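Shown here is one chain on its own, the form deposited in one PDB entry, set out as structure tokens.
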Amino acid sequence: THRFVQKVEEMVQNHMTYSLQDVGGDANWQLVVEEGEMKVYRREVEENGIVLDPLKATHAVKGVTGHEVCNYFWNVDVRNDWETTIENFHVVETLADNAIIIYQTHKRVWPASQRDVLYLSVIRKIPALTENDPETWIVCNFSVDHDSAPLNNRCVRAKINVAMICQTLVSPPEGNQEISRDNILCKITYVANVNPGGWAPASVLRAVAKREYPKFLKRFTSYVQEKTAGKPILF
């Protein structure tokens, strides 16, 4: 259907295989911030003195479904309502109704150069592995090469591999009666592997990650709750 179908499959399947694992029991992940059910972990990793620190967070959001969370995360039309670190954004290519390529710039983090990013953003539903397991909605955003990448001399090109992975638990329907948002919970695993693509001071990037990832998860999840309240559920 498009030239990135196989790459998309590999990237999604890699998150399904490796990103969903629990890390509460795993001393190799450092728990850096906890705010209720929001648990943010990282590993301290540098390659050539540049911070790569894999980030992984879990959260549990009442009253929204994974399909809703993923749609709001993927939909570029609502990006401005919840993003706080983007300066500019351009849709570079549409590949499918569920997959686009995006160019964006982030606000400068002093004293490093501003960063830009060029990535494929795809939204997929993954069927239950067995009839015991939940279905998964996943958004994966991962860097790719493209010819219609802008010249932007202020920016160093970062590379990313991010996934927002959601499983939704509900009270079953009681005969002919809908499920209430009161009885729905969206379990989130969010992972972010960012390569700043060049020099940046490690302590500054680590301090920024520690602040901004929790702020993002809080703001974004609250936004989804706020926008879906009193609207019919989209499972």
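Residues carry their position along the shown sequence, with the first being 1. By rigid core we mean the largest C-alpha set that fits within 1.5 Å across both forms. Residues that one form lacks are left out of the comparison.
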| property | result |
| --- | --- |
| Absent coordinates for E44 in a third or more of other compared entries | no |
| At least a third of other PDB entries omit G198 | no |
| 196-204 versus 177-185 - greater average Cα B-factor per the deposited record | 177-185 |
| Stretch with the greater mean C-alpha B-factor as recorded in the entry, comparing 127-135 against 161-169 | 127-135 |
| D53 by Cα B-factor - lowest, middle or highest third of the modelled chain | lowest |
| CA B-factor placement of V69, once the chain's modelled residues are sorted into thirds | lowest |
| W110 - which third its CA temperature factor falls in, relative to the rest of the chain | middle |
| Chain-wide C-alpha B factor ranking for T85, given as lowest, middle or highest third | middle |
| For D97, the third of its chain into which the C-alpha B factor falls | highest |
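Omitted here: the form deposited with a partner chain bound. The next part is about that form.
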{"property": "Option touching the partner chain, based on a heavy atom within 4.5 Å in the deposited bound form, out of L31, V45, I179, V208", "result": "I179"}
{"property": "4.5 Å heavy atom contact, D97 to the partner chain in the deposited bound form", "result": "no"}
{"property": "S171, heavy atom within 4.5 angstroms of the partner chain in the deposited bound form", "result": "yes"}
{"property": "The partner chain contact in the deposited bound form: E93, any heavy atom under 4.5 Å", "result": "no"}
{"property": "Interface membership of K56, the partner chain in the deposited bound form, 4.5 Å heavy atom rule", "result": "no"}
{"property": "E135, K187 and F235 each touching the partner chain in the deposited bound form (heavy atom, 4.5 Å)", "result": "yes"}
{"property": "Segment assignment from 77-85, 112-120, 155-163, 126-134: heavy atom within 4.5 Å of the partner chain in the deposited bound form", "result": "126-134"}
{"property": "Option from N80, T94, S148, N153 moving between this form and the one not shown, CA shift at or above 2 Å, rigid core reference", "result": "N153"}
{"property": "Cα displacement of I126 between this form and the one not shown reaching 2 Å, rigid core superposed", "result": "no"}
{"property": "Shift of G36 between this form and the one not shown at or above 2 Å (CA, core fit)", "result": "no"}
{"property": "Displaced residue check between this form and the one not shown: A192, CA, 2 Å or over, core reference", "result": "no"}
{"property": "Distance trend in the deposited bound form - C-alpha atoms of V204 and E47, change of 3 Å or more", "result": "farther"}
{"property": "Cα separation of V51 and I86 in the deposited bound form versus here, shift of 3 Å or more", "result": "farther"}
{"property": "Taking the rigid core as reference, consecutive runs of 3 or more residues that move 2 angstroms or more in Cα between this form and the one not shown", "result": "45-51, 128-132, 150-153, 171-178"}
